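1. no sequence on hand, only this structure:
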Ligand SMILES: [Ca+2]
Ligand SMILES: [Ca+2]
Ligand SMILES: [Zn+2]
Ligand SMILES: [Zn+2]
């Protein structure tokens, strides 16, 4: 909490490790000098300009929630594919949270997922009989998977990469707050575009107006939608397109 930067080694480790979990679990790189190199990468990935340092904006974000998905791969059980390679993608809800009835959760995922679908030539299909590729469920890290519950705050939602039928699923930290009309904690619409975006193998982006922006913050937009730099990125791989925007 601000002083994390100049805290004792034990508390300080939490800061260094908070970035580390958001990337991967590699005990080799754990080091006090190596710290400085890896931070360089955090700053480009995040976008923030201040670099080689941490305490003010860098920490402000570690403590602030964002996402629970790693951003890299190394010694783990996952396939190698940048995006979905299936002919069609599908999605179904497993369970629902008391904050929102089942229909509401469901229509939010479609209202976000579809929004991605329109920005790409992939073909998406609605579910009415049987299981689907992407399962959307509420659960805690102790449901039977890696990534722990870590309580509310830090770590917002883990999700999986488009891998096989089982992999590709999306999840929501049930501990976290979830709503839409109340507009109090995390809007489902907003996180859904992010969580579902990770089910497409999209990586984060640095623009401050990005949809996967890892620096959660910004004001309260009117309707809100896919961003410019985020769209061109996915298009460059599914086809060919370019663009530029800042602020
Ligand atoms: Ca959490
Ligand atoms: Ca899946
Ligand atoms: Zn993310
Ligand atoms: Zn899980």
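-> Sure thing, it's come through. Numbering: from 1, shown residues only. Ligands and ions are numbered 1, 2, ... in the order given.
2. hang on, isn't residue 176 packed against residue 158?
-> No: look at residue 176 against residue 158 with CB atoms under 8 Å: they stay out of range, at 11.2 Å. In this view, the C-beta of every residue, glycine as well, is placed from N, C-alpha and C.
3. give me the nearest residue to the most centrally placed residue in the chain, chain neighbours excluded.
-> The structure's the chain has its C-alpha centroid closest to residue 67; by CA atoms, centre = their mean the separation is 4.1 Å. Sequence neighbours aside, residue 156 is the residue nearest to residue 67 in space, at 5.4 Å (criterion: CB to CB, 6 or more residues apart in numbering).
4. where does the one you found land in three-state SS?
-> Classification of residue 156 using DSSP: H, G, I helix; E, B strand; the rest coil returns coil.
5. report the separation between it and residue 27.
-> 25 Å (CB to CB, to the nearest Å).
6. and for residue 69?
-> On the measure of CB to CB, residue 69 and residue 27 end up 20 Å apart.
7. what do you get for residue 152?
-> Residue 152 sits at a distance of 27 Å from residue 27 (criterion: CB to CB).
8. so those two - more neighbours on which side?
-> A count of neighbours by other CB atoms under 10 Å puts residue 152 above the other of residue 152 and residue 27, at 13 against 7.
9. the more buried one touches residue 177, doesn't it?
-> Yes: using CB under 8 Å, residue 152 makes contact with residue 177 at a distance of 7.1 Å.
10. just say helix, strand or coil for the closest residue to ligand 2 within the chain.
-> Ligand 2 sits closest to residue 168 of the chain, with a gap of 3.3 Å, by CB to the ion. Recorded secondary structure, residue 168: coil (three-state DSSP).
11. so what's it closest to, chain neighbours aside?
-> Using CB to CB, 6+ apart and skipping residues adjacent in sequence, the residue nearest residue 168 is residue 162, 4.5 Å away.
12. surely that neighbour touches residue 197?
-> No: contact criterion CB under 8 Å: residue 162 and residue 197 do not qualify, at 11.1 Å.
13. neighbour-wise, which of those two wins?
-> Higher neighbour count among residue 162 and residue 197: residue 197, with 26 against 22, using other CB under 10 Å.
14. helix or strand next in line after the longest helix seen in the chain, which one?
-> Using DSSP state H, we find that the single longest helix of the chain is helix 102-118. Next in sequence after helix 102-118, counting helices and strands by DSSP states H and E, comes strand 123-124.
15. so what does that next one touch, helix or strand wise?
-> Applying 3 or more CB pairs under 8 Å, 6 or more residues apart in numbering; DSSP states H and E, we find strand 123-124 packed against strand 88-89, helix 102-118.
16. on that earlier part again, count of residues packed around the residue of the chain closest to ligand 2?
-> Residue 168: 24 surrounding residues under other CB under 10 Å.
17. then residue 12?
-> For residue 12, using other CB under 10 Å, the count is 17.
18. contacts only, for it.
-> By CB atoms under 8 Å, 6 or more residues apart in numbering, the residues touching residue 12 are 4, 5, 6.
19. what about the helices in this structure?
-> 9-23, 34-46, 57-63, 102-118, 188-199, 228-238.
20. and the shortest one, how far from the chain's centre?
-> Right, the one you point to is helix 57-63. Centroid separation for helix 57-63 versus its chain: 16 Å, with CA atoms, centre = their mean, to the nearest Å.
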